[PDB]
DNA sequence: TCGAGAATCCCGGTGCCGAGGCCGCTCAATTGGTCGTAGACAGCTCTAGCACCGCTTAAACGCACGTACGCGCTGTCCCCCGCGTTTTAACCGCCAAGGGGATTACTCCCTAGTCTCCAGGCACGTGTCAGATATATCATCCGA
DNA sequence: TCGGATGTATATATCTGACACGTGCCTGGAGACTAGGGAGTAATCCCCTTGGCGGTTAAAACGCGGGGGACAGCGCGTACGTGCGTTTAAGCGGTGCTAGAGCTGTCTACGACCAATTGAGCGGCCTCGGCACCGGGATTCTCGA
């Protein structure tokens, strides 16, 4: 058993382009991009939690890591989507 | 609160290297910043090495490989020889 | 007869190798070079196919980027022909030297 | 009447500012510029003097490395006067543009 | 408020920085080029410094915020902190 | 002698993809030197990872990690 | 029931929580951190895929290949800045001939 | 319980081994930390500190100075090849620059 | 070459502030046990890295040929440098205040840990069509 | 600047091997419930950052020759493209086979954890010595002759 993001990357692709497909090499590249970004944000959040003598990664740390990592418009949109998702998650129990 | 610094040990090394040479507070702070930076660099490399091989512990061989990866040329060849010589002395109580 | 004037074919092959995504380097010579270089670090090493391929893709991208910087360094000196001093300047400024 | 020739009073002060370890930038103007720049990110900030000093040290180290690369680029073009195009090329090759 | 303090990085300061960099002769547009390179560098560093400050719920930019912001861009200032 | 397997036309093709119009003769050796240095640097860390893993084969993941260590992240192999 | 459907996302919130817990990042991991990170990852993936689909369509092709990903990444100012130090295998380069070389 | 012997003196080192064990355990590097890892890391750190202090003291002696200042650390790091390679992306505060005038600029 | 003149080094004397040692005392490193489990070790499997071999042919190599471009030389001029004079604002000192960065206290609620249940996504197999290839049919560029 | 002739797009038959889709099952993700410790909220202290005024004067801004370097133009010859013939080795498609990569089952030694115990190192206080500063003399470079 090996875990990849192929199913989710393919679902997102069907959302944004319902009439296009993705090759195997492109799926491998997308998995490597998702893993790289996950590792970057998680490491930045871990360092942020370490600097403040806290031992918990929260939405605050992930949001600040996103703001530190991604450029201006990309960071603003990512923060907006993350906040919206966290709000929806919380209200719907 | 009590801030911990490598001042005592750096001064000990200086006095065993140069018996009659002092060091200023700013140079001591730079040496502390260097020691912290190298500690965290080697420790992060060792952590990544342990993660890559699906291990759950940081042994002396991960530190050896991290030193080999991080220190250039003749510096690593000497640092490995000090690390192994210290570990040998340690395990003969 | 129709000798394409000096410089015009050189203008081409750029539009050809920037459109393509191939490797541009022979693969067996590169595998042999990789093995010869790796002999100096450990004897009787076996290489994975996806490892030689990864090395080739990384090295060719590195060389293409270096040549892109080198061309700028050569245009800076009011020249068109790249000389090795242009490569050395690019490497020195990038931090490699 | 004894006027130095244009190519000496300038290597002098090159030796001087390479021998020293000072800051070379006035401190109040730099602090004021830092505060002006930081007003765009959060209103009513209170910089710590050590932070303003670290900013100055880092900025001048960056500006000295950049001027070293600019000097190299200007010498590459068989020149002595550094031009803004030299700075542009240095930053482009460095990966800052 | 504060405006147009980039001219506080005077021409002699830029010439001294160039002299330490090893530059023997300077043009006349290098000053304006440098006053725009330095502003970009300072904005890039201070954005991350203020982000680190705001995350910690503080109102003062400590030297550790600047050190972490510099280390984020791969610059690792030794000294302070 | 395997560094001569990186022929003059291969370097010329890499230059053409890099946007180069004219190439001097000494480039075909100044480029082999750089390629050899880069390959040695990458293969040193790849073999270091291989030796630490108690393996005798260099997997693509070792090369990927060695490149990611030098700042040249590579997408497509893991 | 899945936390990805509860938050309206497609990436796995459970898998992201597991990776955050087993990744040696912090002693304990909050409850909204996986949701926030999954949302950010899904947003970035959607941006990349929507930009690559345009490049694939501009080539009269109904399939995304590494060349299209490279075009999409290098033609966007911010994606190219987030992935400046990344090499895409089989991605080629961006067509760019300097004006000096042209006749 | 016998007489207390520090782990850094049993190994012969000067850098602390208990402190390095504590920093490796409270640093979130791995779930577990081996017994010899702090000893190895302390030995490596001590060697690297001694290597820089040798050249810094040499530079201070060449300048007829008893004490070591950041300028001497910078002179030691930039002159030595391997220390310069290790610390090539590092800015030493109050360190200045290494005196290097290009040959072209010098007068004829 | 040569000597007046400016810049710099040396040598000494005086002051001053911080580097270093000393004392007190916490609290974090040491010692010594138990206990759980990570990985060391042996073993088996199967897979993919290696070696070889024939064949085709694409690419590399060598050699004329020419032309255009890199490099050196010469002339202009313009713009940057060295220097003297005049602001001017940095800088040091010394004062006052209050904002907020560090602390402790308490408690509460959020997350880790565990047991139980179930669904989704990961190998596995299969039709099938998106796209690559062979073949024929208009932008540009080289020469009077 | 159009005539001849190259080297791209454009249009169509023809596979075929990756792509997207059934599937089933088993492992990882939900769901409930409990314990406890991280941290969020309150209140306080003091320190250190902001703000201000006066006096010095070091430094920036200015203005003026003037020389030297950047720029442009000419010319030359060489070395790098362009094309043609060859020959050299790269692909490719098979073969065999065997090192060793990967997965499983014990079970043993090692690391976490906890409960006293204490000494190492952190904090506060001198203080005298190394270093900065100035004043003057000796030494070294420099540039118009």
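Note that we place each Cβ from the backbone using ideal geometry, even for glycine, and neighbour counts take in every protein chain shown. None of the figures in this text is laboratory data; all of them are computed from the coordinates on show.
Filter the range A:7-32 for residues that are at the interface with chain G (Cβ under 7 Å from one of its Cβ atoms) and in contact with a strand residue (DSSP E or B) (Cβ under 7 Å, 6 or more places away or on another chain); which is farthest from DNA strand I (Cβ to nearest atom)?
The qualifying residue farthest from DNA strand I (Cβ to nearest atom) is A:29.
Can you find a residue that is touching a helix residue (DSSP H, G or I) at 6+ places or on another chain (Cβ under 9 Å) and more than 30 Å from residue C:10 (Cα to Cα) anywhere in the range F:22-40?
Looking through the range F:22-40, at least one residue is touching a helix residue (DSSP H, G or I) at 6+ places or on another chain (Cβ under 9 Å) and more than 30 Å from residue C:10 (Cα to Cα).
Filter the range E:1-23 down to residues that are part of a loop (DSSP other than H, G, I, E, B) and surrounded by fewer than 22 Cβ atoms within 10 Å (Cβ to Cβ) and give me whichever is nearest to DNA strand J (Cβ to nearest atom).
E:10
Yes or no: the range C:51-66 includes at least one residue that is within 13 Å of DNA strand J (Cβ to nearest atom) and at positive phi.
Looking through the range C:51-66, none of the residues is within 13 Å of DNA strand J (Cβ to nearest atom) and at positive phi.
Specify the residue that is nearest to DNA strand J (Cβ to nearest atom); the eligible residues are those in the range B:1-17 that are surrounded by 20 or more Cβ atoms within 10 Å (Cβ to Cβ) and farther than 16 Å from residue E:81 by Cβ.
By that ranking, first place goes to B:9.
So which residues in the range H:19-36 are more than 8 Å from chain B (Cβ to nearest Cβ) and touching a residue at least 12 places away in the same chain (Cβ under 8 Å)?
Residue satisfying the conditions is H:21 alone.
Scanning the range G:37-63 for residues that are within 12 Å of DNA strand I (Cβ to nearest atom), at the interface with another protein chain (Cβ under 7 Å from one of its Cβ atoms) and closer than 27 Å to residue A:73 by Cβ, which turns out surrounded by the most Cβ atoms within 10 Å (Cβ to Cβ)?
G:56
Could you grab the pairs with beta carbons closer than 7 Å, sequence gap of 6+ or different chains, first residue in the range D:19-33 and more than 8 Å from chain E (Cβ to nearest Cβ), second one near DNA strand J (Cβ under 10 Å from one of its atoms)?
D:21/H:71; D:31/D:52
Just one of the numbered conditions (1) within 9 Å of chain C (Cβ to nearest Cβ); (2) more than 25 Å from residue B:58 (Cα to Cα); (3) crowded, with 21+ Cβ neighbours inside 10 Å is not true of residue F:67; which one?
(2)
How about the range D:57-97: which of its residues are farther than 23 Å from residue G:81 by Cα and in a loop (DSSP other than H, G, I, E, B)?
D:77, D:78, D:79, D:80, D:83
Looking at E:47, E:58, E:35, which is the one that is surrounded by fewer than 21 Cβ atoms within 10 Å (Cβ to Cβ), part of a helix (DSSP H, G or I), within 12 Å of DNA strand J (Cβ to nearest atom) and without any contact (Cβ under 8 Å) to a residue 40 or more places away in the chain?
E:35
For the subset of the range C:2-23 comprising residues that are assigned to a loop (DSSP other than H, G, I, E, B) and more than 8 Å from DNA strand I (Cβ to nearest atom), which member is farthest from the chain's Cα centre (by Cα)?
Only one residue fits best here, namely C:12.
Within the range B:14-54, track down each residue that is under 22 Å from residue H:68 (Cα atoms) and under 13 Å from the mean Cα position of the chain (by Cα).
Correct list: B:31, B:32, B:33, B:34, B:35, B:36, B:37, B:38.
Evaluate the range C:47-70: report whether one residue or more is more than 7 Å from chain F (Cβ to nearest Cβ), farther than 22 Å from residue F:68 by Cα and either more than 10 Å from DNA strand I (Cβ to nearest atom) or surrounded by fewer than 20 Cβ atoms within 10 Å (Cβ to Cβ) (or both).
Yes, the range C:47-70 contains a residue that is more than 7 Å from chain F (Cβ to nearest Cβ), farther than 22 Å from residue F:68 by Cα and either more than 10 Å from DNA strand I (Cβ to nearest atom) or surrounded by fewer than 20 Cβ atoms within 10 Å (Cβ to Cβ) (or both).
List the number of the failed condition for residue A:4; all other conditions in (1) in contact with a strand residue (DSSP E or B) (Cβ under 6 Å, 6 or more places away or on another chain); (2) within 15 Å of DNA strand I (Cβ to nearest atom) hold.
Evaluating residue A:4 over (1) in contact with a strand residue (DSSP E or B) (Cβ under 6 Å, 6 or more places away or on another chain); (2) within 15 Å of DNA strand I (Cβ to nearest atom) leaves (1) as the failure.
Since residue D:37 meets every condition but one in (1) facing chain E (nearest Cβ under 7 Å); (2) within 16 Å of the chain's Cα centre (by Cα), which condition does it not meet?
Every listed condition holds for residue D:37 apart from (2).
Name the residue that is farthest from residue H:88 (Cα to Cα), counting only residues in the range B:41-63 that are more than 14 Å from DNA strand J (Cβ to nearest atom) and buried (at least 21 other Cβ atoms within 10 Å of the Cβ).
Checked the range B:41-63; the qualifying residue farthest from residue H:88 (Cα to Cα) is B:49.
Can you confirm whether residue G:72 is more than 10 Å from DNA strand I (Cβ to nearest atom), under 30 Å from residue B:57 (Cα atoms), in a helix (DSSP H, G or I) and within 13 Å of the chain's Cα centre (by Cα)?
For residue G:72, the condition - more than 10 Å from DNA strand I (Cβ to nearest atom), under 30 Å from residue B:57 (Cα atoms), in a helix (DSSP H, G or I) and within 13 Å of the chain's Cα centre (by Cα) - is not met.
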